[PDB]
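The structure file upload-v8.cif is reproduced below (mmCIF, C-alpha atoms and all ligand atoms).
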```cif
data_data
loop_
_atom_site.group_PDB
_atom_site.id
_atom_site.type_symbol
_atom_site.label_atom_id
_atom_site.label_comp_id
_atom_site.auth_asym_id
_atom_site.auth_seq_id
_atom_site.Cartn_x
_atom_site.Cartn_y
_atom_site.Cartn_z
ATOM 1 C CA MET R 1 -0.298 -9.763 -16.554
ATOM 2 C CA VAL R 2 3.103 -8.321 -17.405
ATOM 3 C CA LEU R 3 4.393 -4.761 -17.469
ATOM 4 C CA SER R 4 6.869 -3.643 -20.118
ATOM 5 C CA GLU R 5 10.252 -2.224 -19.119
ATOM 6 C CA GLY R 6 8.892 1.197 -20.062
ATOM 7 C CA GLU R 7 6.027 0.884 -17.598
ATOM 8 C CA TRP R 8 8.373 -0.255 -14.826
ATOM 9 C CA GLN R 9 10.594 2.750 -15.525
ATOM 10 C CA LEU R 10 7.645 5.125 -15.021
ATOM 11 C CA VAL R 11 6.767 3.382 -11.756
ATOM 12 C CA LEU R 12 10.315 3.414 -10.424
ATOM 13 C CA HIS R 13 10.905 7.015 -11.502
ATOM 14 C CA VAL R 14 8.066 8.399 -9.373
ATOM 15 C CA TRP R 15 8.881 5.988 -6.552
ATOM 16 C CA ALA R 16 12.372 7.500 -6.414
ATOM 17 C CA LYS R 17 10.651 10.792 -5.528
ATOM 18 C CA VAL R 18 8.601 9.094 -2.827
ATOM 19 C CA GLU R 19 11.793 7.670 -1.323
ATOM 20 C CA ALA R 20 13.071 11.215 -0.771
ATOM 21 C CA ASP R 21 10.605 11.323 2.154
ATOM 22 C CA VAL R 22 9.191 7.906 3.018
ATOM 23 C CA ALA R 23 7.808 8.923 6.427
ATOM 24 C CA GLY R 24 5.966 11.912 4.974
ATOM 25 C CA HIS R 25 4.417 9.899 2.154
ATOM 26 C CA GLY R 26 3.479 7.146 4.589
ATOM 27 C CA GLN R 27 1.518 9.576 6.762
ATOM 28 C CA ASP R 28 -0.405 11.141 3.860
ATOM 29 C CA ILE R 29 -1.316 7.726 2.507
ATOM 30 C CA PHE R 30 -2.631 6.282 5.769
ATOM 31 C CA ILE R 31 -4.479 9.459 6.715
ATOM 32 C CA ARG R 32 -6.106 9.445 3.269
ATOM 33 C CA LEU R 33 -7.013 5.765 3.677
ATOM 34 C CA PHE R 34 -8.467 6.187 7.177
ATOM 35 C CA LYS R 35 -10.428 9.293 6.184
ATOM 36 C CA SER R 36 -11.802 7.928 2.907
ATOM 37 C CA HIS R 37 -12.536 4.425 4.222
ATOM 38 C CA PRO R 38 -12.972 4.610 8.049
ATOM 39 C CA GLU R 39 -13.800 0.902 8.242
ATOM 40 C CA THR R 40 -10.157 0.099 7.484
ATOM 41 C CA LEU R 41 -9.103 1.822 10.710
ATOM 42 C CA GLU R 42 -10.969 -0.850 12.671
ATOM 43 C CA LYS R 43 -8.427 -3.404 11.454
ATOM 44 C CA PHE R 44 -5.592 -1.766 13.421
ATOM 45 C CA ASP R 45 -5.906 -2.368 17.172
ATOM 46 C CA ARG R 46 -2.916 -0.055 17.664
ATOM 47 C CA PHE R 47 -4.575 2.886 15.889
ATOM 48 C CA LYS R 48 -8.348 2.400 16.056
ATOM 49 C CA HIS R 49 -8.564 4.927 18.902
ATOM 50 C CA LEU R 50 -7.374 7.834 16.732
ATOM 51 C CA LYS R 51 -10.292 10.257 16.358
ATOM 52 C CA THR R 52 -8.980 13.104 14.198
ATOM 53 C CA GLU R 53 -6.499 13.804 11.411
ATOM 54 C CA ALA R 54 -4.624 15.914 13.930
ATOM 55 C CA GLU R 55 -4.236 12.876 16.186
ATOM 56 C CA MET R 56 -3.119 10.748 13.239
ATOM 57 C CA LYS R 57 -0.460 13.260 12.174
ATOM 58 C CA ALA R 58 0.825 13.423 15.752
ATOM 59 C CA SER R 59 1.113 9.651 16.189
ATOM 60 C CA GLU R 60 4.730 8.540 16.233
ATOM 61 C CA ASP R 61 3.708 4.878 16.001
ATOM 62 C CA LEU R 62 1.581 5.550 12.920
ATOM 63 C CA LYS R 63 4.458 7.337 11.186
ATOM 64 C CA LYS R 64 6.814 4.442 11.930
ATOM 65 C CA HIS R 65 4.226 1.972 10.621
ATOM 66 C CA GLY R 66 3.896 3.941 7.404
ATOM 67 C CA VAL R 67 7.641 3.703 6.818
ATOM 68 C CA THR R 68 7.537 -0.056 7.371
ATOM 69 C CA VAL R 69 4.680 -0.496 4.901
ATOM 70 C CA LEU R 70 6.126 1.725 2.159
ATOM 71 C CA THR R 71 9.560 0.138 2.493
ATOM 72 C CA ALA R 72 8.027 -3.318 1.937
ATOM 73 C CA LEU R 73 5.973 -2.065 -1.014
ATOM 74 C CA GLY R 74 9.095 -0.465 -2.444
ATOM 75 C CA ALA R 75 11.072 -3.700 -2.206
ATOM 76 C CA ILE R 76 8.329 -5.453 -4.172
ATOM 77 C CA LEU R 77 8.100 -2.779 -6.886
ATOM 78 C CA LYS R 78 11.872 -2.884 -7.415
ATOM 79 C CA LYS R 79 11.686 -6.615 -8.211
ATOM 80 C CA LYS R 80 9.710 -5.601 -11.307
ATOM 81 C CA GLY R 81 7.396 -8.590 -11.201
ATOM 82 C CA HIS R 82 9.789 -11.187 -9.755
ATOM 83 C CA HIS R 83 8.378 -10.777 -6.252
ATOM 84 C CA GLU R 84 7.301 -14.322 -5.315
ATOM 85 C CA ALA R 85 9.605 -14.453 -2.263
ATOM 86 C CA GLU R 86 8.597 -11.027 -0.934
ATOM 87 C CA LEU R 87 4.891 -11.824 -1.317
ATOM 88 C CA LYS R 88 4.864 -15.072 0.689
ATOM 89 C CA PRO R 89 5.248 -13.679 4.230
ATOM 90 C CA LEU R 90 3.151 -10.614 3.419
ATOM 91 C CA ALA R 91 0.259 -12.690 2.098
ATOM 92 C CA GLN R 92 0.392 -15.007 5.118
ATOM 93 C CA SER R 93 0.325 -12.270 7.760
ATOM 94 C CA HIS R 94 -2.458 -10.304 6.065
ATOM 95 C CA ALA R 95 -4.634 -13.301 5.327
ATOM 96 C CA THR R 96 -4.074 -15.269 8.532
ATOM 97 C CA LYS R 97 -3.149 -12.773 11.235
ATOM 98 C CA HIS R 98 -4.661 -9.445 10.176
ATOM 99 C CA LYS R 99 -7.446 -10.795 7.924
ATOM 100 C CA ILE R 100 -7.375 -8.116 5.226
ATOM 101 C CA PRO R 101 -9.897 -8.438 2.353
ATOM 102 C CA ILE R 102 -8.679 -7.823 -1.208
ATOM 103 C CA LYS R 103 -11.196 -4.975 -1.171
ATOM 104 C CA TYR R 104 -9.100 -3.139 1.416
ATOM 105 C CA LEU R 105 -5.974 -3.588 -0.708
ATOM 106 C CA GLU R 106 -7.895 -1.802 -3.452
ATOM 107 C CA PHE R 107 -8.641 1.055 -1.032
ATOM 108 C CA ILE R 108 -4.992 1.575 -0.094
ATOM 109 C CA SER R 109 -4.008 1.394 -3.772
ATOM 110 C CA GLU R 110 -6.415 4.280 -4.384
ATOM 111 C CA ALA R 111 -4.888 6.220 -1.492
ATOM 112 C CA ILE R 112 -1.399 5.702 -2.930
ATOM 113 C CA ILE R 113 -2.429 6.897 -6.384
ATOM 114 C CA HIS R 114 -4.224 9.910 -4.841
ATOM 115 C CA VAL R 115 -1.160 10.969 -2.848
ATOM 116 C CA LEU R 116 1.254 10.527 -5.773
ATOM 117 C CA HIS R 117 -1.083 12.558 -7.983
ATOM 118 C CA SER R 118 -1.168 15.351 -5.379
ATOM 119 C CA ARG R 119 2.545 15.404 -4.567
ATOM 120 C CA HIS R 120 4.126 14.595 -7.932
ATOM 121 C CA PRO R 121 1.910 15.855 -10.798
ATOM 122 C CA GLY R 122 4.962 16.470 -12.985
ATOM 123 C CA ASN R 123 6.031 12.833 -12.663
ATOM 124 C CA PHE R 124 2.569 11.329 -12.421
ATOM 125 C CA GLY R 125 0.840 12.158 -15.683
ATOM 126 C CA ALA R 126 -1.737 9.882 -17.339
ATOM 127 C CA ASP R 127 0.833 7.372 -18.607
ATOM 128 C CA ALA R 128 2.719 7.180 -15.309
ATOM 129 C CA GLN R 129 -0.524 6.718 -13.343
ATOM 130 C CA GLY R 130 -1.543 3.964 -15.728
ATOM 131 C CA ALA R 131 1.796 2.264 -15.139
ATOM 132 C CA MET R 132 1.441 2.554 -11.344
ATOM 133 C CA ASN R 133 -2.118 1.234 -11.443
ATOM 134 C CA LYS R 134 -0.926 -1.722 -13.506
ATOM 135 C CA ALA R 135 1.851 -2.473 -11.015
ATOM 136 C CA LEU R 136 -0.613 -2.320 -8.118
ATOM 137 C CA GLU R 137 -3.157 -4.496 -9.936
ATOM 138 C CA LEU R 138 -0.411 -7.085 -10.538
ATOM 139 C CA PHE R 139 0.460 -6.902 -6.844
ATOM 140 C CA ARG R 140 -3.188 -7.403 -5.821
ATOM 141 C CA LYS R 141 -3.657 -10.199 -8.382
ATOM 142 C CA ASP R 142 -0.680 -12.156 -7.048
ATOM 143 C CA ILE R 143 -1.580 -11.515 -3.394
ATOM 144 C CA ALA R 144 -5.105 -12.721 -4.184
ATOM 145 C CA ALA R 145 -3.722 -15.929 -5.701
ATOM 146 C CA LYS R 146 -1.683 -16.549 -2.532
ATOM 147 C CA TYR R 147 -4.722 -15.832 -0.337
ATOM 148 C CA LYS R 148 -6.553 -18.706 -2.022
ATOM 149 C CA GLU R 149 -3.617 -21.095 -1.630
ATOM 150 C CA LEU R 150 -3.456 -20.149 2.058
ATOM 151 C CA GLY R 151 -7.175 -20.789 2.539
ATOM 152 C CA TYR R 152 -8.434 -17.211 2.834
ATOM 153 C CA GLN R 153 -11.105 -16.007 0.403
ATOM 154 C CA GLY R 154 -11.365 -12.420 1.636
HETATM 155 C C1 LIG W 1 0.161 -1.903 0.007
HETATM 156 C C2 LIG W 1 -0.231 -3.101 0.726
HETATM 157 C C3 LIG W 1 0.230 -3.373 2.005
HETATM 158 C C4 LIG W 1 1.505 -3.639 2.365
HETATM 159 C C5 LIG W 1 2.721 -3.691 1.446
HETATM 160 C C6 LIG W 1 1.486 -3.900 3.791
HETATM 161 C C7 LIG W 1 2.604 -4.174 4.536
HETATM 162 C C8 LIG W 1 2.621 -4.418 5.888
HETATM 163 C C9 LIG W 1 3.821 -4.720 6.644
HETATM 164 C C10 LIG W 1 5.224 -4.893 6.087
HETATM 165 C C11 LIG W 1 3.434 -4.901 7.923
HETATM 166 C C12 LIG W 1 4.312 -5.359 9.086
HETATM 167 C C13 LIG W 1 4.678 -6.847 9.022
HETATM 168 C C14 LIG W 1 3.456 -7.766 8.964
HETATM 169 O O1 LIG W 1 2.629 -7.727 9.900
HETATM 170 O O2 LIG W 1 3.322 -8.528 7.982
HETATM 171 C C15 LIG W 1 1.996 -4.705 7.945
HETATM 172 C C16 LIG W 1 1.217 -4.822 9.076
HETATM 173 C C17 LIG W 1 -0.154 -4.683 9.107
HETATM 174 N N1 LIG W 1 -0.938 -4.433 8.001
HETATM 175 FE FE1 LIG W 1 -0.369 -4.145 6.150
HETATM 176 N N2 LIG W 1 0.210 -3.818 4.305
HETATM 177 C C18 LIG W 1 -0.567 -3.483 3.212
HETATM 178 C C19 LIG W 1 -1.922 -3.250 3.267
HETATM 179 C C20 LIG W 1 -2.694 -3.345 4.406
HETATM 180 C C21 LIG W 1 -4.095 -2.996 4.464
HETATM 181 C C22 LIG W 1 -4.918 -2.365 3.350
HETATM 182 C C23 LIG W 1 -4.504 -3.252 5.730
HETATM 183 C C24 LIG W 1 -5.797 -3.152 6.233
HETATM 184 C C25 LIG W 1 -6.523 -1.899 6.262
HETATM 185 C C26 LIG W 1 -3.336 -3.725 6.445
HETATM 186 C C27 LIG W 1 -3.331 -4.046 7.778
HETATM 187 C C28 LIG W 1 -2.215 -4.375 8.511
HETATM 188 C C29 LIG W 1 -2.229 -4.602 9.938
HETATM 189 C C30 LIG W 1 -3.451 -4.632 10.843
HETATM 190 C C31 LIG W 1 -0.950 -4.764 10.310
HETATM 191 C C32 LIG W 1 -0.439 -4.851 11.730
HETATM 192 C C33 LIG W 1 -0.138 -3.483 12.311
HETATM 193 C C34 LIG W 1 0.358 -3.563 13.737
HETATM 194 O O3 LIG W 1 -0.434 -3.947 14.621
HETATM 195 O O4 LIG W 1 1.539 -3.249 13.970
HETATM 196 N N3 LIG W 1 -2.222 -3.758 5.634
HETATM 197 N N4 LIG W 1 1.501 -4.420 6.688
#
```

As structure tokens, what does this structure read like?
Ligand code: HEM
Amino acid sequence: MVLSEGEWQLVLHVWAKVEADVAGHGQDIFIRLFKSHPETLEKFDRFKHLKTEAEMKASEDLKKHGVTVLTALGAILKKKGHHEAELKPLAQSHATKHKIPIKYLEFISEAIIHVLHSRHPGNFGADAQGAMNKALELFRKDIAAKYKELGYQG
């Protein structure tokens, strides 16, 4: 699949807002993910002990992790589709070291959309959300293709 320049512009416009506070967006996204799909928390040995949202918000390590994840996702989005190089190491670590099913990538994509919708309604209308969903589906499609090449079905 391919996004038009117009769709990329909608994606990058709202992402520019996210970049005004990466750490804050990272926390909301992971808390949303862990609360909506608790099973995903079991994949993080470093955070699986967190019991409440209060504990999650207070975790310095979780906040730092969120910045690392969003920064990588941002680098990929800014390539506007030409992200083959950025995807390689990401796909290998998540398929071989962390063992993350495509299903879980769908869950975090939902968390991202939810948080952007909550925080940036003025820059995340129907068209912009459609553009973001398309960019995330492209991301998941390409990561899935790499998973297969690497020998991981998940
Ligand atoms: C938006 C998609 C995602 C991106 C861009 C992303 C990015 C990253 C990055 C950059 C790291 C650190 C470097 C590395 O280990 O490769 C990381 C670590 C990790 N990711 Fe992801 N990730 C994504 C989705 C997920 C999902 C959905 C899970 C599973 C619920 C997951 C589980 C992990 C784990 C377990 C680690 C190691 C954390 C640690 O022990 O420090 N990731 N991810």

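If you measure from each of R:104, R:147, R:124, R:139 to ligand LIG 1 (chain W) using only C-alpha atoms and all ligand atoms, the closest one turns out to be R:104.
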
Item to complete: Dump the neighbourhood of ligand LIG 1 (chain W) as JSON, numbers by chain: all residues within 10 Å, distances computed on only C-alpha atoms and all ligand atoms.
Response: {"R": [30, 33, 34, 37, 38, 39, 40, 41, 42, 43, 44, 45, 46, 47, 61, 62, 64, 65, 66, 67, 68, 69, 70, 71, 72, 73, 74, 75, 76, 77, 86, 87, 88, 89, 90, 91, 92, 93, 94, 95, 97, 98, 99, 100, 101, 102, 103, 104, 105, 106, 107, 108, 109, 111, 112, 136, 139, 140, 143]}

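With CA of residue 35 in chain R on one side and CA of residue 110 in chain R on the other, the separation reads 12.4 Å.
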
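Neighbours of residue 23 in chain R closer than or equal to 7 Å, with all atoms listed in the file counted and sequence neighbours fewer than 2 positions away skipped, come out as residues 21, 25, 26, 27, 63, 66 and 67 of chain R.
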
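Nearest to residue 18 in chain R of all the residues R:36, R:52, R:96, R:118 is R:118, based on all atoms listed in the file.
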
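CA of residue 114 in chain R is found 15.3 Å from CA of residue 137 in chain R.
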
Fill in: Separation of CA of residue 84 in chain R from CA of residue 6 in chain R, in Å and rounded to one decimal
21.5 Å

Item to complete: Find, counting only C-alpha atoms, the residue in R:50, R:144, R:126, R:154 that gets nearest to residue 10 in chain R.
Response: R:126

Put a box with edges along x, y and z around all the listed atoms of range 67-71 of chain R, pad it by 5 Å on each side, then give me its centre and sizes in Å, one decimal, as lines of an AutoDock Vina configuration file.
```
center_x = 7.1
center_y = 1.6
center_z = 4.8
size_x = 14.9
size_y = 14.2
size_z = 15.2
```

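Minimum atom-to-atom distance to residue 17 in chain R, evaluated using all atoms listed in the file, belongs to R:123 out of R:4, R:133, R:59, R:123.
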
Fill in: Radius query 10 Å about (5.5, -6.2, -17.4), atoms used: all atoms listed in the file, as a PyMOL selection string
chain R and resi 1-8+80-81+131+134-135+138

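Shortest separation to residue 14 in chain R among R:79, R:57, R:119, R:32 occurs at residue R:119, atoms counted being all atoms listed in the file.
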
Could you rebuild range 73-89 of chain R with N, CA and C atoms and give me the result as a JSON list (two decimals), keeping the file's coordinate frame?
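Ended up saving to result_19.json:
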```
[["chain", "number", "residue", "atom", "x", "y", "z"],
["R", 73, "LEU", "N", 6.58, -2.25, 0.30],
["R", 73, "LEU", "CA", 5.97, -2.06, -1.01],
["R", 73, "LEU", "C", 7.05, -1.69, -2.03],
["R", 74, "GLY", "N", 8.01, -0.89, -1.57],
["R", 74, "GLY", "CA", 9.10, -0.46, -2.44],
["R", 74, "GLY", "C", 9.97, -1.63, -2.86],
["R", 75, "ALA", "N", 10.24, -2.53, -1.92],
["R", 75, "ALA", "CA", 11.07, -3.70, -2.21],
["R", 75, "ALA", "C", 10.41, -4.55, -3.29],
["R", 76, "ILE", "N", 9.09, -4.68, -3.20],
["R", 76, "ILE", "CA", 8.33, -5.45, -4.17],
["R", 76, "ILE", "C", 8.35, -4.79, -5.56],
["R", 77, "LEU", "N", 8.10, -3.49, -5.61],
["R", 77, "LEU", "CA", 8.10, -2.78, -6.89],
["R", 77, "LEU", "C", 9.45, -2.86, -7.60],
["R", 78, "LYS", "N", 10.53, -2.83, -6.84],
["R", 78, "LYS", "CA", 11.87, -2.88, -7.42],
["R", 78, "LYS", "C", 12.24, -4.24, -8.00],
["R", 79, "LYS", "N", 11.46, -5.27, -7.68],
["R", 79, "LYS", "CA", 11.69, -6.62, -8.21],
["R", 79, "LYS", "C", 11.10, -6.70, -9.62],
["R", 80, "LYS", "N", 10.33, -5.68, -9.99],
["R", 80, "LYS", "CA", 9.71, -5.60, -11.31],
["R", 80, "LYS", "C", 8.98, -6.86, -11.75],
["R", 81, "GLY", "N", 8.16, -7.40, -10.86],
["R", 81, "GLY", "CA", 7.40, -8.59, -11.20],
["R", 81, "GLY", "C", 7.90, -9.89, -10.59],
["R", 82, "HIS", "N", 9.20, -9.98, -10.34],
["R", 82, "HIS", "CA", 9.79, -11.19, -9.76],
["R", 82, "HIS", "C", 9.77, -11.05, -8.24],
["R", 83, "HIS", "N", 8.56, -10.99, -7.68],
["R", 83, "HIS", "CA", 8.38, -10.78, -6.25],
["R", 83, "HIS", "C", 7.77, -11.93, -5.45],
["R", 84, "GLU", "N", 7.85, -13.14, -5.99],
["R", 84, "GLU", "CA", 7.30, -14.32, -5.32],
["R", 84, "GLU", "C", 7.76, -14.48, -3.86],
["R", 85, "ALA", "N", 9.06, -14.31, -3.61],
["R", 85, "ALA", "CA", 9.60, -14.45, -2.26],
["R", 85, "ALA", "C", 9.11, -13.38, -1.30],
["R", 86, "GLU", "N", 9.05, -12.14, -1.77],
["R", 86, "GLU", "CA", 8.60, -11.03, -0.93],
["R", 86, "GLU", "C", 7.11, -11.13, -0.59],
["R", 87, "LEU", "N", 6.33, -11.69, -1.51],
["R", 87, "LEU", "CA", 4.89, -11.82, -1.32],
["R", 87, "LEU", "C", 4.46, -12.88, -0.30],
["R", 88, "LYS", "N", 5.20, -13.98, -0.23],
["R", 88, "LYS", "CA", 4.86, -15.07, 0.69],
["R", 88, "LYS", "C", 4.55, -14.66, 2.13],
["R", 89, "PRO", "N", 5.53, -14.07, 2.84],
["R", 89, "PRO", "CA", 5.25, -13.68, 4.23],
["R", 89, "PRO", "C", 4.19, -12.59, 4.38]]
```
